[PDB]
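One structure below.
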Amino acid sequence: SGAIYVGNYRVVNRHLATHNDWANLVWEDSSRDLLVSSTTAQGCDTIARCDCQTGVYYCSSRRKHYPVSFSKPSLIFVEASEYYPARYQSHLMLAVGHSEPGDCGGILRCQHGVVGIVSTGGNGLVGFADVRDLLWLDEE
Ligand SMILES: CN(C)S(=O)(=O)c1cccnc1
Ligand SMILES: [Zn+2]
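Going by the entry's author numbering, the sequence shown opens with residue 7, and the numbers climb by one from there.
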């Protein structure tokens, strides 16, 4: 579990979005595993605006943050998990690391701020849903 809190926006994994998220929907994309809802209180996070390929992510199934190198966002085949069938996922970054289903929502960060959230795992990789292209998160 986990979210990004930027301005008056909550960014969550689409598959973990709540009824209240859907009732306060700003934007969602199944292909990216992302949903954004509106919040009453302003949040503490800053979104990265960059093309970094090094950062640190939180792994809840290890209670640990890990430094990783990751691929630039692309359109990648993902094998079946407990929460999605085998399918193509867009705007996905991969690194070598540990990721189980419950790790979804952990933050990946670089020197510029939040890069994305854990969205995939298995076979010794961790996959992150990028948010750095979503410039509208910084305003309005
Ligand atoms: C839609 N994209 C912006 S993406 O990140 O899924 C992508 C797709 C193809 C090549 N490189 C990146
Ligand atoms: Zn960066």
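Note that CB positions come from ideal geometry on N, CA and C, so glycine has one too.
In the same chain as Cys50, and ignoring 5 residues on each side of it, the C-beta atoms closer than 7 Å to its own belong to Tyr11, in chain order.
Pairing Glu146 with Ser44, the inter-Cα distance amounts to about 11 Å. Residue selection by CB proximity (closer than 6 Å to any heavy atom of ligand 1) returns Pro79, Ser80, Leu81, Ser96, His97 in chain order.
Exclusion of the five residues before and after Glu106 leaves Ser67, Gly127 as the residues of its chain whose Cβ lies within less than 7 Å of its Cβ. Take the alpha-carbon of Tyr15 and the one of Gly122: they are about 14 Å apart. Remark: C-beta atoms of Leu100 and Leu131 approach each other more closely than 8 Å. Annotation for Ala54: no alpha helix (DSSP H) segment contains it, and DSSP assigns it neither H nor E.
Applying a distance threshold of 6 Å between residue Cβ atoms and the heavy atoms of ligand 2 selects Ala54, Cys56, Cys58, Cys116, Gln117, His118, given in chain order. About 17 Å separates the beta carbon of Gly61 from that of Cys110, a gap too long to meet the 8 Å contact definition. The Cβ atoms of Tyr72 and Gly119 do not sit closer than 8 Å to each other. For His25, the enclosing alpha helix (DSSP H) covers residues 25-29. Boundaries for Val137: no beta strand (DSSP E) harbours it, and the DSSP string shows neither H nor E there.
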